[PDB]
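Observations on chain architecture
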Amino acid sequence: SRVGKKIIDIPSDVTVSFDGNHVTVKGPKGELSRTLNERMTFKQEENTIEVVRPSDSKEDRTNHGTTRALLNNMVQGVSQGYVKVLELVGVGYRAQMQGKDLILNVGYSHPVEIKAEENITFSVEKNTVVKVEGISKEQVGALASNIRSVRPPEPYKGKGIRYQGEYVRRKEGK
Amino acid sequence: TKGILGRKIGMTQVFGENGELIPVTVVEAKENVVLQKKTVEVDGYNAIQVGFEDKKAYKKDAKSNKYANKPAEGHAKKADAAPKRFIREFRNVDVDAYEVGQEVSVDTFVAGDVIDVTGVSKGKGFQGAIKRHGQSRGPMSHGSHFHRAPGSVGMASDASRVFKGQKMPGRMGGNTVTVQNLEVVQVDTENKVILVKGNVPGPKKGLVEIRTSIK
Amino acid sequence: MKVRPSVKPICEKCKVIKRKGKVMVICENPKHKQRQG
Amino acid sequence: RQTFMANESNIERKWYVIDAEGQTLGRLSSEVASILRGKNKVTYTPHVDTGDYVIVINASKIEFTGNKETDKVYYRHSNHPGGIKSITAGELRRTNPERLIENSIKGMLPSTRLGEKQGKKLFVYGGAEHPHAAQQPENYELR
RNA sequence: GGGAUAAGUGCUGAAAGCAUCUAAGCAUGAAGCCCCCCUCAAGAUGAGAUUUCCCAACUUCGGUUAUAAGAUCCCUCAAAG
RNA sequence: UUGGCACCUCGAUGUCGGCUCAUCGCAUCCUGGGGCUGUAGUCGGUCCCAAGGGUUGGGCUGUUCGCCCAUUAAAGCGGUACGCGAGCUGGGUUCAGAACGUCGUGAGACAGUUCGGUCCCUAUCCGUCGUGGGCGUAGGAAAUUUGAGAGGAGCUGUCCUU
RNA sequence: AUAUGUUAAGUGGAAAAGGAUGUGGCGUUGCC
């Protein structure tokens, strides 16, 4: 549709090689970002690319609008990073680091360990603040949800781990 | 550590070093050698054949199993050993023994206290369902003609048959049973004995296979 | 959630979808969650 | 009066080899069964087997159309009360594909003394190489 | 302790410029499913493997013989029945 | 479940309930995994997944049912000729005797009650539990083994600490 | 086997009130 019929506009700072079926985008802070795509019909150009669906149906429009979005995402992966910030509400909720691991002291009878992985970096702004910085939205989102699922926010006092602002419920026990 | 083969000698008891009483089984292990070393290339699995007790040499006319025959006598001589009764294969070891005979000694069980013991006999004759399977007897208050009988063997008409695995009389005992997590109490050189903490399967003068615990 | 053979919206923020062949209603009120269309 | 009947002396059996890569299970199976029964020979006699031997290479590439890797369960009883085991057609291919093709094809052969001797001429291997090079197996193309 | 999952929870994502756990892709998740634990099992007629032992005389039979390795008859028994 | 029909059986298919011995369904009682809560916490409610194991001992009665005592993590609901008498008992009921209330002029009957009372069998064939012998497995033998497949096990409490 | 369409559940190869942005057809309107 519209979202698939949109220009990508490769900023010409990043190099996207269109190796037959597959796409590999390199930039100042990421290489080997190659993705498995489908049999779409796109132009192999620099300074801008487009994706074109060969046919028209209910199974071409969906994959068109998805392929365009995925190429856009891996272009912006080397264009800049996607940072998801996780906060810790509650007393005595501290995040320690060690090497490339994150220790969470989150109210249990033991710490909780979160090992880093390739292409991503942990960083702790303050004891209650944790930021995961990476190049793929998929990888950053997986890491952030795995770090969030240790103690999701309660609805009463809100203590737990959360993303940004206030989007949570609120109850009143007493 | 490495498994050993032995004979059950009997039960006894010692006194633990704080005053405890410890039931003990005495197991002699002597004459153990490595007769063959099976490897993945020649045979699919990796294992080592050990050989337990010593048989007598070959005799031209032998009417018992005391003397080795020519096939067995030729199988031992390839390891440079003496004919052996009770040849057995140990898997889940690390093959650093020799396919040519080397003594497997009790002194390898100084390290490794918790073991499991495989025994190969218990020994009872044809037995009824109360003995063999632990079933229950009938009453004697009313004039019951049912006491040690098995009971119903199925349902009526809709089944029209007896299911595989029904419990009935038959030869009891004599199976192969392993007791797990037994503990070595003490090893003894100059008698080649191991004192196992508990009780092992089989009768006296039976063959037992000791190996390190798989758990 | 409510597993009922007649799922339908209860307010204006609830909206109907299909996951794996099941019809479902998802809403911003967790009371209003239903499945098994 | 005048109908030719095949005899063991007359029978000349050949060896074929088929590629089960990029084919469907049932569509390959029906044709291999027609080759095994010997209905592809003008000299076909019902009472005695005139069929040929078949070697099926690349068994790990047979495929199923639709949602058949999770459906198409295979059930089997052990004759003891309660024991009815199962395996999906997707876990049987990745584990033991040569049983998948063998059972598929042998379900299309008549269950008679001769329907077993006709079904033990099928050799199924998962992977391009087969030991039976000493029999000169021609390469047959399914249609 | 390992693998794949149910209900559930998700990450990226369009069809549907937004939204969305799903259509493509990627995760996580039960005393339950397949392994791991214990016993049986090559009559598994698809009858498997390894080590070892024995292997000339007579015929035109083209096959035979007995004997070799080995095992029984018979007898003394029990850890077995 | 109480019924409705009257299709098999009257040259005969033994009726309760319990004992002994099981097997199967899930519409789940306990244990395991979750969504919502008028879910503060410890306890609960109500829905969804799940059949792997487990699911008590007595008083009263022929009791199945039921009520009660003491427990338990829990004391699930159903099918198999309301499983099961070539396995057992036989209290009840449907034998003959004899008595009560009532009905009959009567011989006798129950809307009922009460005391009593012969339960047969040396298993052919299929089925199941064990054990051997013949042949096969392209020479004849001794031992040691792989494991396609099959079976077994699978339950839970209470304290201490954080 | 030939020609043109339907569907994707293995429906086909059991069952109702009722519920639903599943997909194909024709028709008819309101804002572009």
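Residues numbered from 1 in each chain as written, not as in the entry; some residues may be left out. Chains lettered and ligands numbered in written order. Part of a larger assembly, values for the part shown. Heavy atoms only, no water.

1. Some thoughts on a nonpolar patch on the surface
All names here are of chain B.
- On the surface, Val153, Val162 and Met168 cluster together into a nonpolar patch covering about 210 Å² of accessible area.
- Tracing the backbone shows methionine 168 in the loop between helix 2 (129-132) and strand 8 (170-171).
- By relative accessible area, which is 34% here, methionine 168 ends up partly exposed. (Patch = residues over 30% accessible without salt bridge, like charges linked within 9 Å, V, L, I, M, F, W, Y side chains within 5 Å. Areas by Shrake-Rupley, 256 points an atom, 1.4 Å probe, with all protein chains shown as cover. Salt bridge = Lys/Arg side-chain N within 4 Å of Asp/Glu carboxyl O. Helix = DSSP H or I, 4+ residues; strand = E, 2+ residues; numbered from the N terminus. Buried < 20%, exposed > 50% of the residue type's maximum accessible area, 1.4 Å probe, protein only.)

2. Points about empty space enclosed by the protein
- Here the structure, examined in full by the defined rule, presents one cavity of 30 Å³ or more.
- With three residues, the top contributor of residues to the lining of the largest cavity is helix 1 (residues 61-79) of chain A. (1 Å grid on protein atoms, 1.4 Å probe; cavity = no way out; pocket = protein on both sides within 12 Å on 5 of 7 lines; lining within 4 Å. Points joined across faces, edges and corners; volume = space filled by probe spheres on them.)

3. Overview of the protein's contact with RNA strand G
- Surveying the vicinity of RNA strand G reveals the residues A:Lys58, C:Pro5, C:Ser6, C:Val7, C:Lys8, C:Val23, C:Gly37, D:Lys68 and D:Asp71.
- Taking the atoms of RNA strand G that fall within 4 Å of the protein, sugar and phosphate contribute 61% of them.
- In this structure, a base nitrogen belonging to RNA strand G sits 3.1 Å away from a main-chain N or O atom of C:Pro5.
- A distance of 2.8 Å is found between a base oxygen of RNA strand G and a side-chain nitrogen or oxygen belonging to D:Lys68. (Near = heavy atom within 4 Å. Polar contact = N/O pair within 3.5 Å; in protein donor to acceptor, adjacent residues only side chain to side chain.)

4. Things to note about the nonpolar core
- Grouped together as the largest cluster of nonpolar side chains are 24 residues, with contacts concentrated most on B:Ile4, B:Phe109, B:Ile115, B:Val117, B:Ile194, B:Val196 and B:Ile210.
- Apart from residues no more than four positions distant in its own chain, B:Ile194 is found in contact with B:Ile4, B:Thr25, B:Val26, B:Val27, B:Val106, B:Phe109, B:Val184, B:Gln186, B:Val187 and B:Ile210.
- Core analysis: the next-biggest nonpolar cluster, separate from the first, contains 22 residues, D:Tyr16, D:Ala59, D:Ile62 and D:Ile101 among them. (Core = buried A, V, L, I, M, F, W, Y, C linked by side-chain atoms within 4.5 Å. Contact = heavy atoms within 4.5 Å.)

5. Concerning the sheet that holds strand 7 (residues 94-98) of chain A
Residues and elements named next belong to chain A.
- Strand order across the open sheet formed by three strands is 7-8-9, with antiparallel pairing between neighbours. Each edge of the open sheet carries a strand with a single partner, namely strand 7 and strand 9 (112-115). In this sheet, neighbouring strand axes are inclined to one another by 25° on average, regardless of whether the strands run parallel or antiparallel.
- Two strands pair when backbone bridges link them, and strand 7 and strand 8 (residues 101-105) are joined in this way by five bridges, in the antiparallel orientation. Note that in strand 8 the partner of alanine 95 across the bridge is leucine 104. (Pairing = 2+ DSSP bridges. Axes fitted to C-alpha atoms, helices over the stretch in contact; angles between N-to-C directions.)

6. A closer look at the protein's contact with RNA strand E
- Looking at RNA strand E, there are 50 residues lining it, with A:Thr62, A:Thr66, A:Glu138, B:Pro71 and B:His75 nearest.
- Taking all atoms of RNA strand E within 4 Å of the protein, the share assigned to sugar and phosphate is 75%.
- In the model, a phosphate oxygen of RNA strand E is placed 3.5 Å from a nitrogen or oxygen of the A:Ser1 side chain.
- Listing elements by their share of the surface near RNA strand E, those giving two or more residues are helix 1 and helix 2 (137-148) of chain A, strand 3 (34-38), helix 1 (70-77) and strand 9 (177-188) of chain B, strand 2 (15-19) of chain C together with helix 3 (97-106) of chain D.
- Looking at which element gives the most residues to the surface near RNA strand E, the answer is helix 1 of chain A, with eight residues.
- Here the residues of the surface near RNA strand E are counted per class, giving nine nonpolar, 17 polar and 24 charged. (Nonpolar A, V, L, I, M, F, W, Y, C, P; charged D, E, K, R; others polar.)

7. Comments concerning the UniProt feature "binding site: Mg(2+)" (unreviewed entry) in chain B
Residues and elements named next belong to chain B.
- According to UniProt, the positions carrying the feature "binding site: Mg(2+)" (unreviewed entry) are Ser136.
- Inspection of the secondary structure assignment puts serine 136 in the loop between helix 2 and strand 8.
- Overall, the relative accessible area of 59% leaves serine 136 in the exposed class.
- The contacts of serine 136, once residues within four sequence positions are left out, are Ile130 and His147. (UniProt positions renumbered as here; feature names shortened; annotations may be inferred.)

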